[PDB]
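2 protein chains.
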Amino acid sequence: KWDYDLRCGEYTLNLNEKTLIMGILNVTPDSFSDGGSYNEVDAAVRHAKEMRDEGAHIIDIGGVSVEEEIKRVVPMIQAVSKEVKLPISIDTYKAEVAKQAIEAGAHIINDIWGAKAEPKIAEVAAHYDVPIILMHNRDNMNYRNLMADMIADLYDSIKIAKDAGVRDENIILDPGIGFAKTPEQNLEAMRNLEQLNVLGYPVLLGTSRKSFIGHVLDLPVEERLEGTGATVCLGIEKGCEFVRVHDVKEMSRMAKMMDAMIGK
Amino acid sequence: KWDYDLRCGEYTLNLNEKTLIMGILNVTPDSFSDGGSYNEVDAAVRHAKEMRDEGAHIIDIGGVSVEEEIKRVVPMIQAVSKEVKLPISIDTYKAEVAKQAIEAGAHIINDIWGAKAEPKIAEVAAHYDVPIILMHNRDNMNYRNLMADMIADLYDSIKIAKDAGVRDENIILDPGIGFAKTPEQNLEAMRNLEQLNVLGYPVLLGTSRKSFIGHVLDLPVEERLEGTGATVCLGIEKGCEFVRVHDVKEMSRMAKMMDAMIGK
Ligand SMILES: C[C@H](CC(=O)O)c1nn(C)c2nc(N)[nH]c(=O)c2c1=O
Ligand SMILES: C[C@H](CC(=O)O)c1nn(C)c2nc(N)[nH]c(=O)c2c1=O
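Those sequence lines, one after another, are chains A and A'. A prime marks a further copy of an entry chain.
Numbered per PDB author numbering, the first sequence spans residues 2 to 64, 74 to 274.
Numbered per PDB author numbering, the second sequence spans residues 2 to 64, 74 to 274.
Here it is in structure tokens:
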């Protein structure tokens, strides 16, 4: 189905064998700290190791202005990439952050604005030859047709990326669940996720603990494991290659079961 | 999609609004007891209430020869139907057990032999006008073609039922996961469950904690919640109307999320 592997510098991700689990790093900052402090970085390394041990395939590390964001995230990327043999994604929409993170050891760019907030981010992705996740996002929830519009917005992102010199194999798409969408539009995007497959790029699904699950189940954020699981299962059945999750152990087990059942 | 409700004497089950959760009753028997003892029945009533409170829609009560089985299950059906306002299914393949259970208060027959072990069970179902679950089962794992064969075997059951005078609306089918199937054939049946929809009967999926999940995940029976969840999610996506589960709270939450996403 995929005739290439996802090339991440030192690491390679096979898109065919299994659903790839992107674990979300707890980056709880220290007050009184610019960044780089021992309790901050150690807590993050500990959590990275923990998720690595629970089945994560990628560690997503994110975030204060630009200068502070770098100082918070660079020392974390330095230590995690040193101590956890796992590809790291830099959760950022900012060109300058993206650059520093990769210089610090990050392998994948995770842009919640799909190269639209800072188009130079794609120049960054192009130059370092790294995979970039282009997430559907917009400043409004005024759709003519949700899916049709989503796909149009994702293409505008793909265009910005390719114009900058990003190779097709370095593009991952993301429906951006819980971004610029009603709880009902999120459900609708879930129900029709498979439509994103026609664009011909791997798809990452980020639904973990999100508000729409809470709207369906009427459960607070810490009571969202079962609902997250359901979204993850449906996402894998509808073809997505990555899931971005908080509960690595559990989702990793669900993904593995889904994979076996669908023949992936 | 369904133009009738599942009629269960005092209770009615809408097959359209949501995935119906059949909770599995712990029927742990007392040693030194024929049946009907206080610790036995109370433990079962307690568990029934517990599952009723966790989102179960049906209580499955099962099981010693024929005479003992009745004496174990009747007093339980008597007390549960008294104290838990929820339809009860009698998990049995035996005609005489089926009869006693309904006389005692059971609403649905759950036959793991699909009327094939004791064809008179269908006469029982016909006479009391109760829903009967016909589960795929056989004494061998020698398939020409799994799905094609399953459907043939399910039809042989439907035929026995209808010949006995069972109405179409009182027939539920079940793929019988983990019965007469390799771990691999179970996966295959999961991957192709939607094929059972053509027979035009509601479908119950019983996968909870089963051996095949353990084969995929290499986890013991108590570590099967995530995998069970995945099978439940896939089952609902492939159209099934009931799930028979041990972990009611959790599965009930997954079902509810699946339901919202698929528009059920
Ligand atoms: C807002 C939320 C916050 C978080 O959990 O850190 C979030 N952040 N990021 C970076 C994301 N990236 C991708 N690719 N897909 C997402 O669905 C997603 C998110 O939902
Ligand atoms: C063997 C197992 C034992 C149990 O959990 O009590 C079992 N019992 N029964 C009564 C079942 N009935 C239906 N309809 N579908 C099933 O998949 C199923 C089962 O897997």
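Just so it is clear, CB atoms sit at the ideal spot from N, CA and C, and this is done for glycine as well.
* Enclosing alpha helix (DSSP H) for A:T238 [first to last residue] -> 235-247
* Between A':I246 and A':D184, which are expected to be in contact by the criterion C-beta below 8 angstroms, what is the C-beta distance as a whole number of angstroms? -> Actually they are not in contact, since the Cβ atoms of A':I246 and A':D184 sit about 15 angstroms apart, beyond 8 angstroms.
* To do: Enumerate, from N- to C-terminal direction, the unbroken alpha helix (DSSP H) stretches of 4 or more residues contained entirely within the stretch 127-176 of chain A'.
  => 130-138, 156-174
* To do: Determine the closest residue to A':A265 out of A:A240, A:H256, A:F189, A:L14, with distance taken between C-alpha atoms.
  => A:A240
* Alpha carbon to alpha carbon, what distance is there between A':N17 and A:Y12? -> 47 angstroms
* Over what stretch of residues does the alpha helix (DSSP H) that includes A':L227 continue unbroken? -> A':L227: member of the alpha helix (DSSP H) spanning 221-227, first to last residue.
* Mind listing which residues of the stretch 212-229 of chain A' have their C-beta closer than 7 angstroms to chain A's C-betas, in chain order? -> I223, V226, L227
* CA-to-CA distance, A':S75 to A:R53, given in whole angstroms -> 52 angstroms
* Could you check what DSSP says for A':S38 in three-state terms: helix, strand or coil? => coil
* Asked: Does A':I131 come within less than 9 angstroms of chain A when only Cβ atoms are used?
  -> no
* **Residue closest to A':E128, alpha-carbon to alpha-carbon, out of A':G115, A':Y103, A':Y138, A':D149** => That would be A':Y103, whose Cα lies nearest to the Cα of A':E128.
* Starting from the beta carbon of A:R254, find every residue of chain A' whose beta carbon is closer than 8 angstroms, and list them in chain order. => The premise fails here: A:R254 is roughly 17 angstroms from chain A' at the closest Cβ pair, so nothing lies under 8 angstroms.
* Asked: Grouping DSSP H, G and I as helix and E and B as strand, with all else coil, what is A:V94?
  -> coil
* Which residues in chain A' sit within 7 angstroms of A:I272, going by Cβ to Cβ distance? -> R201
* Asked: Does the distance from the CB of A':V140 to the CB of A':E93 come in under 9 angstroms?
  -> no
* Asked: Which term fits A':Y165, buried or exposed, when burial requires 16 or more other beta carbons within 10 angstroms of its beta carbon?
  -> exposed
* To do: Would you kindly report the start and end of the unbroken beta strand (DSSP E) that includes A':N120?
  => 118-121
* Under 7 angstroms Cβ-Cβ, which residues of chain A neighbour A':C9? -> Going along chain A, no residue has its Cβ under 7 angstroms from A':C9, so there is no contact; the nearest lies around 27 angstroms.
* To do: State yes or no: is the C-beta of A':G216 within less than 9 angstroms of the C-beta of A':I187?
  => For the pair A':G216 and A':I187, the CB atoms are nearer than the 9 angstroms cut-off.
* Spell out whether any CB of chain A' is found under 9 angstroms from the CB atom of A:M261. => yes
* Taking 9 angstroms as the cut-off, decide whether the C-beta atoms of A':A114 and A':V84 are in contact. => Going by C-beta atoms, A':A114 is nearer than 9 angstroms to A':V84.
* Asked: Expressed to the nearest angstrom, what Euclidean distance is found between the alpha-carbon atoms of A:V242 and A:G175?
  -> 32 angstroms
* Asked: Which stretch, first to last residue, makes up the alpha helix (DSSP H) that contains A':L197?
  -> 193-201
* Asked: Just to confirm, are A':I98 and A':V90 a CB contact at a threshold of 9 angstroms?
  -> yes
* Could you tell me if A':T20 is buried or exposed, where buried requires 16 or more neighbouring beta carbons within 10 angstroms of its beta carbon? => buried
* Nearest to A:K220 (by Cα), restricted to the options A:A158, A:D121, A:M200, A:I87 -> A:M200
* Compute the Euclidean distance between the alpha carbons of A:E77 and A:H58, then round it to the nearest angstrom. => 29 angstroms
* Label A':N155 either buried or exposed according to how many other C-beta atoms from any shown protein chain fall within 10 Å of its C-beta, with 16 as the threshold for buried. => exposed
* Asked: Comparing the CB of A:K220 with every heavy atom of ligand 1, is any distance shorter than 8 angstroms?
  -> Yes; taking the cut-off as 8 angstroms, the Cβ of A:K220 has a heavy atom of ligand 1 nearer than that.
* Taking Cβ positions, are A':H256 and A':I119 nearer each other than 9 angstroms? -> no
* To do: Use the C-beta contact count for A:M151: other C-beta atoms within 10 angstroms, 16 or more gives buried, fewer gives exposed.
  => exposed
* Alpha carbon to alpha carbon, how far is A':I60 from A':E251? Give it in angstroms, no decimals. => Between the alpha carbons of A':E251 and A':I60 lies a distance of about 15 angstroms.
* To do: Leaving out five residues on either side along the sequence, give the residues of the same chain with a beta carbon under 8 angstroms from the beta carbon of A:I62.
  => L26, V28, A45, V83, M86, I87, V90, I98, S99, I100, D101, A111, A116
* State the start and end residues of the unbroken beta strand (DSSP E) segment that holds A':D269. => That residue, A':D269, is in no beta strand (DSSP E); its alpha helix (DSSP H) goes 258-272.
* **A:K248 burial status per 10 Å Cβ neighbour count (16 or more: buried)** => A:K248 is buried by the Cβ-count criterion.
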